[PDB]
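In case you want the letters, here they are:
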Amino acid sequence: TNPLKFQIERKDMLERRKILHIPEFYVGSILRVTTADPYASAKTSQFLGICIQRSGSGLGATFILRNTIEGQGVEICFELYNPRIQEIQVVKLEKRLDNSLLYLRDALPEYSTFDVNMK
Amino acid sequence: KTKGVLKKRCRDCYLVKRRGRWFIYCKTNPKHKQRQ
Amino acid sequence: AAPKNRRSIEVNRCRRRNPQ
Amino acid sequence: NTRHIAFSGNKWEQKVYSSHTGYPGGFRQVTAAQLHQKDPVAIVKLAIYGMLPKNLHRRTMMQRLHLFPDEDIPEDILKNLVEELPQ
Amino acid sequence: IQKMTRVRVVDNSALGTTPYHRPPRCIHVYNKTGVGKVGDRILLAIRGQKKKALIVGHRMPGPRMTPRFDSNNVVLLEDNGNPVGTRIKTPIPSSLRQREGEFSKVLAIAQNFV
Amino acid sequence: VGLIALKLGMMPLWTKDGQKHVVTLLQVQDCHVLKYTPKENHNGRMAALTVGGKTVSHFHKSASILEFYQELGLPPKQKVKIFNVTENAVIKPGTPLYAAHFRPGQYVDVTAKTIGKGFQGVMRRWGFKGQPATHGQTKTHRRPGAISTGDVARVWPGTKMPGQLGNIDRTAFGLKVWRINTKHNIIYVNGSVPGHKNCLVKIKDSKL
RNA sequence: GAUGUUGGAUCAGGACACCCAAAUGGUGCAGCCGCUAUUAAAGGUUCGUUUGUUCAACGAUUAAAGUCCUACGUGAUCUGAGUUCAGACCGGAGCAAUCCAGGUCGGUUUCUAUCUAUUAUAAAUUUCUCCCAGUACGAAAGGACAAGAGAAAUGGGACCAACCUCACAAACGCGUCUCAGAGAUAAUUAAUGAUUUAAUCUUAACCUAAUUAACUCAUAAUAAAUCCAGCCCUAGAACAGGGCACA
RNA sequence: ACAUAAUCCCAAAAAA
Ligand SMILES: [Zn+2]
């Protein structure tokens, strides 16, 4: 049962890693995701933002991205193994203290001081 | 349409009996059709 | 609530012996 | 030959057998026609089921009664007495 | 989106930026369910005027493949289903284009798409 | 047409169209045909489908069970079930079988044991609203409230009341099969399946 | 030597004098929508503001926002808003003790179930949008039946792979998936050859063409007893169910 | 044309 689920994970990761060269990223990293999904005339949709939360599960492993657009906060969750995504580029790399960036919802300057502190 | 007494309204009205009930049928006008 | 009537011996025996 | 039974008058379609369950609105009406088209041996049996006195002996003597829609009688390999009283 | 939920107006020429004493509220949703979403028309109440508007934003996306907006925004319109405002602010979802072409006037007047 | 399977797990799949599909996996360990019982009045004949774990042989002891396995020349088996076959032309004698018996795109029905909830209240069973949690309401919150009417003394049979829920047989209908794996003996079924993983399930031909 | 009298909440069941959905007749029914009457209770019959309402007025929808009975259902389930009795005022009546089938405020609602009864198998139900179409018809305005397709909704039976509440590997919807033939009869109503009664007639007879829900299934869930000490379980009150390679 | 399951006491029958 469980080792068969591990086999599912292995098979999925093989299928994805062969076709997709997308590098490994972690929570609190500034990324740019290309998307061919929408119906817009331009096939390429570039979304720049920092990943607030990533919980890997099976083939359905997803990561949530967040950024400030035109004064309004925009949060879009993408599937890591989603074939709709063309590529992903890492503009910057951060760490913080946790895989949960939810504390950034308040956007306080003190927490930003800590944000700048660690590597 | 539905009454307890069925009589011919005009000369062209015809009385019939079907399924244990009496009915009035008139080809000239449909308003003369009655049911008991 | 309160019992409507006093329990007979038979019912008492059958209740306290067989099912337990 | 319980299916070859013949009821007089218009009672064929006009006879209603009532079957009610514990559930609300579980009242079921089965005409003699459809019942004959489905389970005919029930009809005559019901006609007997109201004739006998109540309580025990009713069911006791009810188990002594057997009906079939068509003729197949392995019990006729066992010799029995035949009584003929047609109406 | 449900009744009594306050929404923001992104229309510049419609429902003027100058605020009243009572903030805009949502009376009813055209959908058979009290919970409305993007693409659904809603009946909103403003002081002195009761109007109709589309929902261009939501704080609670159902699917994982859909973006999430921090604030709920609406676009005012008329019975014909067209914006009465000459300008629209803030990004707009790409679902509105999939719905109908008659409503694409909003999409065409929108600055950005996510 | 059908076989007995074992619930494995669930996982999303991505079609070339781009539409997401949530499916469950049904693993087939072993399958053997045991007994063939012909019938007349039912206008159909019964067959025996069996999925064994082979471990239970020693800790499960019975005369008829063991004698059945031994006389039929069948290896030790965990689960023995029956299946109704209407078509007499497709009926075969005792034979071992594989999970290749199923084809993708075919809608199937899944019969399994529903998750036992143990003893459950009037809520979560019949989905009653209950009483308010405020405004002077005293201990009525999760209570079912009134039941019958003053006219009829006794309560109607089949009345909805709190009790044991789950751990019973249920059949899900209209489940499409996206694909099958013969070598790994895995069945991809679109839908939901009754019961927890590793619980015995049943895949049968649906009605459409 | 007591059947606790309104309303609301909760939980329903039934009636048909049918509001809506269905099948029709007539229409001063072109069409679309209406009016009137017949058949039909399977399902559904909303969310708010004012006031205790039984009401009523008003707001926004909806296919509709039906009526009545069940001790004007339901207080050994709840509510005390009304009212059924200890106070504080206004107004009226009375010389006074005090009242009023009048109006304003406040006023503890007791019980551990003995018996009867009860502690589910299933097959669904409703709507919107699009396509033929803007054709026939009509001066113009206006303007389908059928067939096909895509979406929901209520609800039945479910599940945890993602999202969500998640401090173990669990339970949930706010998340996901599914929902199906068929046969026969309704009361209307529309017919074919045709008598009695040279005509006529759906009916008397008889072979026969077609018509809502209920009423039923081609069927899907079910049942191999006869050891089970002891150790475990996503199983569980006990029990039952499952799994552990006994001496 | 009234509101829990039917028939105006079972089942049926016929028209001294
Ligand atoms: Zn006439």
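Residues numbered from 1 in each chain as written, not as in the entry; some residues may be left out. Chains lettered and ligands numbered in written order. Part of a larger assembly, values for the part shown. Heavy atoms only, no water.

As stated in the entry header, the method of structure determination is cryo-EM and the reported resolution is 4.90 Å.

## Overview of the overall build of chain D
Note the following rule: Strands here mean DSSP runs of E at least two residues long; helices mean DSSP runs of H or I at least four residues long; both are numbered from the N terminus. We compute the radius of gyration from the C-alpha atoms alone; for a globule the expected value is 2.2 Å times N to the 0.38, where N is the number of residues. Residue contacts are counted whenever heavy atoms from the two residues lie within 4.5 Å of one another. In short, Shrake-Rupley with a 1.4 Å probe defines the accessible areas, and a residue's cover is counted only from the protein chains shown. Only four residue types enter the tally: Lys and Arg on the positive side, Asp and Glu on the negative side; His and the chain ends are excluded. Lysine's charge is taken at NZ, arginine's at CZ, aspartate's at CG and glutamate's at CD.
Tallying secondary structure elements over chain D gives four helices and two strands in all. Rg of the C-alpha trace for chain D: 16 Å, well past the compact-globule value of 12 Å for 87 residues, more than 25% over. On the principal axes, the C-alpha backbone points of chain D span a range of 50 × 35 × 25 Å. Sequence separation of 24 or more characterises 36% of the internal contacts of chain D that already satisfy a separation of 6 or more. Put simply, chain D shows about 7,800 Å² of open surface, and 55% of that area lies on carbon and sulfur atoms. Each charge class in chain D was averaged separately, 11 positive and 9 negative side chains, and the resulting centres sit 14 Å apart.

## Some points on the protein's contact with RNA strand H
Worth spelling out the cut-off: We call a residue near a molecule or strand when any one of its heavy atoms sits within 4 Å of it. Nitrogen and oxygen atoms within 3.5 Å of one another constitute a polar contact, given that in protein one can donate a hydrogen and the other can accept it, and given that sequence-neighbouring residues count only through two side-chain atoms. Amino acids outside the nonpolar list (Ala, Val, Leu, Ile, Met, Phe, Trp, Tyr, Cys, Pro) and the charged list (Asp, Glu, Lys, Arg) are all regarded as polar, and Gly is one of them.
All residues in the neighbourhood of RNA strand H are listed as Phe7, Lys15, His20, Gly25, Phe27, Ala47, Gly50 and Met51 of chain D together with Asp151, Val152, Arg154 and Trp156 of chain F. The separation between a base oxygen of RNA strand H and a polar main-chain atom of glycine 50 of chain D is 2.9 Å. Of the residues that constitute the surface near RNA strand H, the class distribution is six nonpolar, three polar and three charged.

## Thoughts on the arrangement of the chains
The interface with the highest contact count, out of four pairs of chains in contact, is the one between chains A and E. A gap remains between chain A and chain D, which never touch, and the nearest two C-alpha atoms on either side lie 44 Å apart. The least C-alpha distance between chain B and chain F, which are not in contact, is 38 Å.

## Some remarks on the interface of chain E and chain A
The following threshold applies: The term buried area refers to how much accessible surface (probe radius 1.4 Å) is lost by two components on association, counted for both of them together. Whenever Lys or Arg places a side-chain nitrogen within 4 Å of a carboxyl oxygen from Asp or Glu, that contact is recorded as a salt bridge.
Every contact between the two is made by 17 residues of chain E and, on the other side, 20 residues of chain A. Where chain E abuts chain A, roughly 1,600 Å² becomes buried across the two surfaces, and 45% of that area is made up of carbon and sulfur atoms. Together, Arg64, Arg68 and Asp70 of chain E form the three largest contributors to the area buried by chain E at its contact with chain A, with a combined 38%. Applying the counting criterion to the chain E and chain A interface returns three salt bridges.

## Description of the sheet that holds strand β3 (residues 41-46) of chain E
What links the strands of a sheet is backbone hydrogen bonding, and the strands pair in either a parallel or an antiparallel sense. Residue and element names in this part refer to chain E. Our working rule: If DSSP finds at least two bridges between two strands, the strands pair.
Reading across from one edge, β1-β6-β4-β3-β2 is the order of the five strands in this open sheet, with mixed pairing throughout. The outermost strands of the open sheet, each flanked by one partner alone, are β1 (8-9) and β2 (25-29). For β1 and strand β6 (residues 73-77), the ladder comprises two bridges, and the chain directions are parallel. Paired with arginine 8 across the bridge in β6 is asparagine 73.

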